[PDB]
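Participant: Sequence first, structure after, both from an experimental entry:
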Amino acid sequence: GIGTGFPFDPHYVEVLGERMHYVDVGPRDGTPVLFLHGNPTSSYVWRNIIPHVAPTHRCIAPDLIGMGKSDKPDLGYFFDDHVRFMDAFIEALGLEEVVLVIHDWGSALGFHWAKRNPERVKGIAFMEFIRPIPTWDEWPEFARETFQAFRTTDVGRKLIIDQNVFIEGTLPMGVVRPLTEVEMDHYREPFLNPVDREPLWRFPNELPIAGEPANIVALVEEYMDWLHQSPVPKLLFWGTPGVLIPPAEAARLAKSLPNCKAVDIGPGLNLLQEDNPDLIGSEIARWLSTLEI
Ligand SMILES: CN(C)c1ccc2c(-c3cc(C(=O)NCCOCCOCCCCCNS(C)(=O)=O)ccc3C(=O)O)c3ccc(=[N+](C)C)cc-3oc2c1
């Protein structure tokens, strides 16, 4: 079955006075492949993808500040905080050119970094990514009242911070197949202490939905503008019914984005890596062999 283990040796780097944890496997030479997770996951979400790529390419998978095994400073964990730390992480490792593999809030980080540094990105593989959502009618109906509630400082903090609903409920509701107890405990581990759950609540409050928050809407529209023009090689994975990306949106993008291959993973919601890791990893490995890296 789908692997539940996390076999990777820990690596740490000090970034803006904080320790960040990252996976680092594969050959030392060549262009590295940088894997960026989102909310409410960690490098754990890549555990079954990376072994398809690590035979032939360096694989780097950081834990975002405040998540996974990375340090947990007392921040608001706005997107801007994550931008600052990830910019600094990339420079701290001395990375030059990279290929991005990104998901969920990792995709906003990766696309925003790529748009600002396009000479350094040799391809982007992405799935269930952050786009401006025009209206709440575009959010899945089965999750709509809850995500509206999440975006409040009263009910939303009760649910996410006090009661850990984003880990105990929203996360499994983002995977078609059932998560095992071992997998749930891996996703629970960074957040056993409620005071450490700020990123879990700030992230859905940063989602650009119906024009709010206006600043994130503008930032995400900017990198989407770039994505519609840039020749950067693109690999888009999508599933049915999806969450952030419905199938009809993936089909539009597969035609409108230049140099874009789109891959149907079958049933999927948000954590597509948990529903079809074999296809995602094997398609990434094949696609990499076609890039000038
Ligand atoms: C401890 N106590 C107070 C609760 C409270 C509520 C629940 C709930 C629950 C979830 C929800 C709920 O989370 N609805 C929302 C689902 O949305 C799914 C689609 O988006 C996946 C996105 C993934 C992350 C994207 N990240 S990003 C870009 O946003 O940063 C609503 C009501 C309930 C309910 O039951 O009352 C559980 C639901 C399922 C479950 N099982 C399958 C084991 C366990 C649940 O346990 C719960 C425990």
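Facilitator: Cool, got the structure. Residues are numbered from 1 along each chain as shown.

Participant: Tell me which stretches of the chain form strands.
Facilitator: 11-15, 18-25, 33-36, 59-62, 98-104, 121-129, 234-241, 260-268 (DSSP state E).

Participant: export those to JSON lines and tack on mean neighbour count and distance to the ligand?
Facilitator: The way it works is simple: take the backbone N, C-alpha and C, and place the C-beta from them, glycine included. JSON lines is the format used below for the strands of the chain (neighbours: other C-beta atoms under 10 Å; distance: least, C-beta to the nearest ligand atom, whole Å):
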{"stretch": "strand 11-15", "mean neighbour count": "16", "distance to the ligand": "22"}
{"stretch": "strand 18-25", "mean neighbour count": "20", "distance to the ligand": "19"}
{"stretch": "strand 33-36", "mean neighbour count": "26", "distance to the ligand": "13"}
{"stretch": "strand 59-62", "mean neighbour count": "27", "distance to the ligand": "17"}
{"stretch": "strand 98-104", "mean neighbour count": "26", "distance to the ligand": "5"}
{"stretch": "strand 121-129", "mean neighbour count": "24", "distance to the ligand": "8"}
{"stretch": "strand 234-241", "mean neighbour count": "21", "distance to the ligand": "10"}
{"stretch": "strand 260-268", "mean neighbour count": "18", "distance to the ligand": "11"}
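
Participant: For the stretch 1-150 of the chain, what lies in contact range of the ligand?
Facilitator: Within the stretch 1-150 of the chain, the residues that sit near the ligand (C-beta under 6 Å from any ligand atom) are 38-39, 104-105, 143, 146.

Participant: cutoff 8 Å now
Facilitator: Counting by C-beta under 8 Å from any ligand atom, the residues of the stretch 1-150 of the chain close to the ligand are 38-40, 104-105, 128, 130, 140, 142-143, 146-147, 150.

Participant: Can you give me the buried ones in stretch 244-263?
Facilitator: With burial defined by 16 or more other C-beta atoms under 10 Å, the residues of stretch 244-263 counted as buried are 244-246, 250, 253-254, 257, 260-261, 263.

Participant: Stretch 157-168 now?
Facilitator: Those would be 157, 159-161, 164-167, for stretch 157-168 by 16+ other C-beta under 10 Å.

Participant: State which helix of the chain is the longest.
Facilitator: For the chain, the helix that runs over the most residues, judged by DSSP state H, is helix 214-229.

Participant: Against residue 65, how distant is residue 223?
Facilitator: Shown here: residue 223 relative to residue 65, a distance of 20 Å by C-beta to C-beta, to the nearest Å.

Participant: quick revisit: out of the residues of the stretch 1-150 of the chain next to the ligand, which are inside helices?
Facilitator: Using DSSP H, these in helices are 105, 146-147, 150.

Participant: Adding distance to residue 185 and neighbour count as columns, could you present those residues in TSV?
Facilitator: Shown next, in TSV, are these (distance: C-beta to C-beta, whole Å; neighbours: other C-beta atoms under 10 Å):
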residue	distance to residue 185	neighbour count
105	22	25
146	23	19
147	25	17
150	23	22
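
Participant: if we take these, which one ends up nearest to the ligand?
Facilitator: The ligand lies nearest to residue 146 out of these, by C-beta to the nearest ligand atom, at 3.7 Å.

Participant: out of everything not next to it in sequence, what's closest to residue 3?
Facilitator: residue 48 (5.0 Å; C-beta to C-beta, 6 or more residues apart in numbering).

Participant: and the residue of the chain at minimum distance from the ligand, how many neighbours does it have?
Facilitator: Across the chain, the shortest distance to the ligand (C-beta to the nearest ligand atom) belongs to residue 169, at 2.7 Å. Using other C-beta atoms under 10 Å, residue 169 has 14 other residues around it.

Participant: Alright, calling it a day.
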